[PDB]
Amino acid sequence: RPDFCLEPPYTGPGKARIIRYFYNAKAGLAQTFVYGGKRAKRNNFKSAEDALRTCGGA
C-alpha cells in the first residue's frame with residue numbers, strides 16, 4: 001500500500017473549502033474532508049473511487 005495512505009488528511013493553509021476524499025486508515029473507508037486549495041499531501045483524492053483504487057489494497 002503506498003506509504004501516504006495511512007496518514008491523516010491535510011487541509012493545508014488555503015482558505016478554500018473543497019470537499020476531497022481521503023482513505024481512512026482505521027475504517028478502511030474513503031471519507032470526505034475539507035481541503036484548503038493548496039499544498040496538498042498525497043492522501044487527497046477527487047472521488048471515493050480514486051481513494052479506494054490507490055489506497056484500498058494491502
# chains A, B, ... in the order shown; residues from 1 in each chain; ligands from 1
$ residues_around --residues "residue A:9" --least-positions-apart "2" --cutoff "8 Å" --atoms "only C-alpha atoms" --output "PyMOL selection string"
chain A and resi 7+11+22+33+41+43-44
$ write_last_selection --atoms "C-alpha atoms" --output "compact mmCIF listing (two decimals), in the first residue's frame"
# COMPACT_ATOMS: atom_id res chain seq x y z
CA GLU A 7 -1.79 9.41 7.06
CA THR A 11 -6.33 20.65 4.89
CA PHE A 22 -9.02 10.55 2.00
CA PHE A 33 -12.60 16.13 4.28
CA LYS A 41 -0.48 15.85 0.66
CA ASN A 43 -3.82 11.15 0.73
CA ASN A 44 -6.17 13.51 -1.08
$ residues_around --residues "residue A:46" --least-positions-apart "3" --cutoff "10 Å" --atoms "only C-alpha atoms" --output "PyMOL selection string"
chain A and resi 18-22+32+49-51
$ write_last_selection --atoms "C-alpha atoms" --output "CSV table (one decimal), in the first residue's frame"
chain,number,residue,atom,x,y,z
A,18,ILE,CA,-13.1,21.9,-1.4
A,19,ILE,CA,-14.6,18.6,-0.4
A,20,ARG,CA,-11.9,16.0,-1.2
A,21,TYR,CA,-11.6,12.3,-0.1
A,22,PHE,CA,-9.0,10.6,2.0
A,32,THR,CA,-14.7,13.3,2.8
A,49,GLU,CA,-13.4,5.5,-6.1
A,50,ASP,CA,-9.9,7.1,-6.7
A,51,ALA,CA,-9.1,6.8,-2.9
$ atom_distance --atom1 "atom CA of residue A:55" --atom2 "atom CA of residue A:23"
6.5 Å
$ atom_distance --atom1 "atom CA of residue A:40" --atom2 "atom CA of residue A:56"
19.5 Å
$ atom_distance --atom1 "atom CA of residue A:35" --atom2 "atom CA of residue A:47"
13.0 Å
$ select_by_dssp --residues "chain A" --states "strand (DSSP E)" --output "JSON, numbers by chain"
{"A": [18, 19, 20, 21, 22, 23, 24, 29, 30, 31, 32, 33, 34, 35]}
$ closest_residue --among "A:25, A:52, A:30, A:42" --to "residue A:4" --atoms "only C-alpha atoms"
A:42
$ select_by_dssp --residues "chain A" --states "alpha helix (DSSP H)" --output "PyMOL selection string"
chain A and resi 48-55
$ write_last_selection --atoms "C-alpha atoms" --output "compact mmCIF listing (two decimals), in the first residue's frame"
# COMPACT_ATOMS: atom_id res chain seq x y z
CA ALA A 48 -14.15 7.98 -3.24
CA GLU A 49 -13.39 5.54 -6.07
CA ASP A 50 -9.91 7.15 -6.66
CA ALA A 51 -9.06 6.81 -2.93
CA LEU A 52 -10.02 3.12 -2.98
CA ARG A 53 -8.18 2.32 -6.21
CA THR A 54 -4.96 3.89 -4.99
CA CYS A 55 -5.11 3.15 -1.23
$ decode --residues "stretch 13-48 of chain A" --atoms "N, CA, C and O atoms" --output "compact mmCIF listing (two decimals), in the first residue's frame"
# COMPACT_ATOMS: atom_id res chain seq x y z
N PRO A 13 -2.88 25.25 4.19
CA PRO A 13 -3.02 26.68 4.65
C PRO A 13 -4.05 27.48 3.87
O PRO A 13 -4.32 28.63 4.16
N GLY A 14 -4.60 26.88 2.84
CA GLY A 14 -5.51 27.56 1.90
C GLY A 14 -6.81 27.81 2.61
O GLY A 14 -7.15 27.13 3.60
N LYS A 15 -7.51 28.79 2.09
CA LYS A 15 -8.77 29.24 2.69
C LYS A 15 -10.01 28.73 1.95
O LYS A 15 -11.11 29.11 2.31
N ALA A 16 -9.85 27.91 0.90
CA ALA A 16 -10.99 27.26 0.19
C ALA A 16 -11.62 26.17 1.06
O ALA A 16 -11.01 25.74 1.99
N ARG A 17 -12.84 25.73 0.69
CA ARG A 17 -13.47 24.55 1.35
C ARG A 17 -13.89 23.57 0.23
O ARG A 17 -15.01 23.47 -0.15
N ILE A 18 -12.89 22.92 -0.33
CA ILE A 18 -13.05 21.93 -1.37
C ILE A 18 -13.22 20.59 -0.69
O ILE A 18 -12.39 20.19 0.11
N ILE A 19 -14.32 19.89 -1.03
CA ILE A 19 -14.61 18.62 -0.44
C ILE A 19 -13.85 17.54 -1.22
O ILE A 19 -14.25 17.14 -2.35
N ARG A 20 -12.77 17.06 -0.62
CA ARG A 20 -11.94 15.98 -1.21
C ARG A 20 -12.16 14.67 -0.39
O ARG A 20 -12.94 14.66 0.56
N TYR A 21 -11.50 13.58 -0.80
CA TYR A 21 -11.59 12.32 -0.14
C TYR A 21 -10.25 11.91 0.35
O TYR A 21 -9.24 12.19 -0.30
N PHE A 22 -10.24 11.22 1.49
CA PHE A 22 -9.02 10.55 2.00
C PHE A 22 -9.37 9.14 2.33
O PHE A 22 -10.55 8.79 2.58
N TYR A 23 -8.35 8.28 2.32
CA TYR A 23 -8.53 6.92 2.75
C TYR A 23 -8.33 6.90 4.28
O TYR A 23 -7.23 7.28 4.80
N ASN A 24 -9.33 6.43 5.01
CA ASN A 24 -9.30 6.41 6.45
C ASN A 24 -8.66 5.07 6.92
O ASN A 24 -9.23 4.03 6.67
N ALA A 25 -7.52 5.16 7.61
CA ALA A 25 -6.66 4.04 7.94
C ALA A 25 -7.45 3.07 8.77
O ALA A 25 -7.52 1.89 8.50
N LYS A 26 -8.03 3.61 9.80
CA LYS A 26 -8.73 2.80 10.80
C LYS A 26 -9.93 2.03 10.23
O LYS A 26 -10.12 0.87 10.53
N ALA A 27 -10.78 2.70 9.47
CA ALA A 27 -12.05 2.11 8.95
C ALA A 27 -11.93 1.43 7.66
O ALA A 27 -12.81 0.69 7.30
N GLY A 28 -10.92 1.78 6.85
CA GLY A 28 -10.81 1.19 5.52
C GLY A 28 -11.84 1.72 4.56
O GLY A 28 -12.24 1.02 3.62
N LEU A 29 -12.31 2.94 4.86
CA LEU A 29 -13.27 3.64 4.04
C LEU A 29 -12.69 4.91 3.41
O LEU A 29 -11.84 5.52 4.00
N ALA A 30 -13.20 5.30 2.26
CA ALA A 30 -13.00 6.60 1.65
C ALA A 30 -13.91 7.58 2.38
O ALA A 30 -15.08 7.28 2.63
N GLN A 31 -13.36 8.68 2.87
CA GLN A 31 -14.14 9.66 3.65
C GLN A 31 -13.88 11.05 3.17
O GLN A 31 -12.73 11.41 2.77
N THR A 32 -14.88 11.89 3.21
CA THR A 32 -14.67 13.31 2.84
C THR A 32 -13.90 14.13 3.90
O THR A 32 -13.90 13.86 5.13
N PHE A 33 -13.24 15.15 3.40
CA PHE A 33 -12.60 16.13 4.28
C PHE A 33 -12.54 17.46 3.54
O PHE A 33 -12.69 17.53 2.30
N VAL A 34 -12.35 18.52 4.34
CA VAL A 34 -12.31 19.85 3.82
C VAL A 34 -10.82 20.18 3.40
O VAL A 34 -9.91 20.18 4.26
N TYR A 35 -10.59 20.51 2.13
CA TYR A 35 -9.24 20.85 1.58
C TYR A 35 -9.18 22.32 1.25
O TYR A 35 -10.12 22.85 0.65
N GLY A 36 -8.08 23.01 1.68
CA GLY A 36 -7.93 24.44 1.57
C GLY A 36 -7.61 24.98 0.18
O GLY A 36 -7.68 26.21 -0.04
N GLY A 37 -7.22 24.09 -0.75
CA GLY A 37 -6.94 24.50 -2.12
C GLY A 37 -5.51 24.64 -2.50
O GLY A 37 -5.21 24.94 -3.66
N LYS A 38 -4.62 24.44 -1.53
CA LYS A 38 -3.18 24.43 -1.79
C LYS A 38 -2.34 23.55 -0.89
O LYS A 38 -2.72 23.22 0.19
N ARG A 39 -1.22 23.10 -1.43
CA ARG A 39 -0.17 22.41 -0.66
C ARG A 39 -0.64 21.00 -0.22
O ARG A 39 -0.30 20.50 0.83
N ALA A 40 -1.42 20.37 -1.11
CA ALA A 40 -1.91 19.04 -0.84
C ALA A 40 -0.82 18.00 -0.49
O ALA A 40 0.27 18.00 -1.04
N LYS A 41 -1.14 17.16 0.49
CA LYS A 41 -0.48 15.85 0.66
C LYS A 41 -1.11 14.76 -0.27
O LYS A 41 -2.06 15.02 -1.00
N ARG A 42 -0.54 13.55 -0.28
CA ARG A 42 -0.90 12.58 -1.28
C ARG A 42 -2.15 11.79 -0.93
O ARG A 42 -2.81 11.28 -1.83
N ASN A 43 -2.55 11.74 0.36
CA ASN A 43 -3.82 11.15 0.73
C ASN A 43 -4.99 12.15 0.57
O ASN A 43 -5.59 12.64 1.55
N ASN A 44 -5.26 12.43 -0.67
CA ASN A 44 -6.17 13.51 -1.08
C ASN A 44 -6.59 13.16 -2.48
O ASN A 44 -5.77 13.20 -3.44
N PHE A 45 -7.88 12.85 -2.60
CA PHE A 45 -8.47 12.35 -3.87
C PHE A 45 -9.71 13.14 -4.25
O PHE A 45 -10.41 13.67 -3.33
N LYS A 46 -9.96 13.25 -5.56
CA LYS A 46 -11.18 13.92 -6.08
C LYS A 46 -12.48 13.08 -5.89
O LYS A 46 -13.54 13.60 -5.98
N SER A 47 -12.37 11.78 -5.61
CA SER A 47 -13.50 10.89 -5.51
C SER A 47 -13.20 9.75 -4.56
O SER A 47 -11.98 9.36 -4.33
N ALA A 48 -14.26 9.18 -4.04
CA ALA A 48 -14.15 7.98 -3.24
C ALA A 48 -13.49 6.82 -4.03
O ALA A 48 -12.58 6.07 -3.51
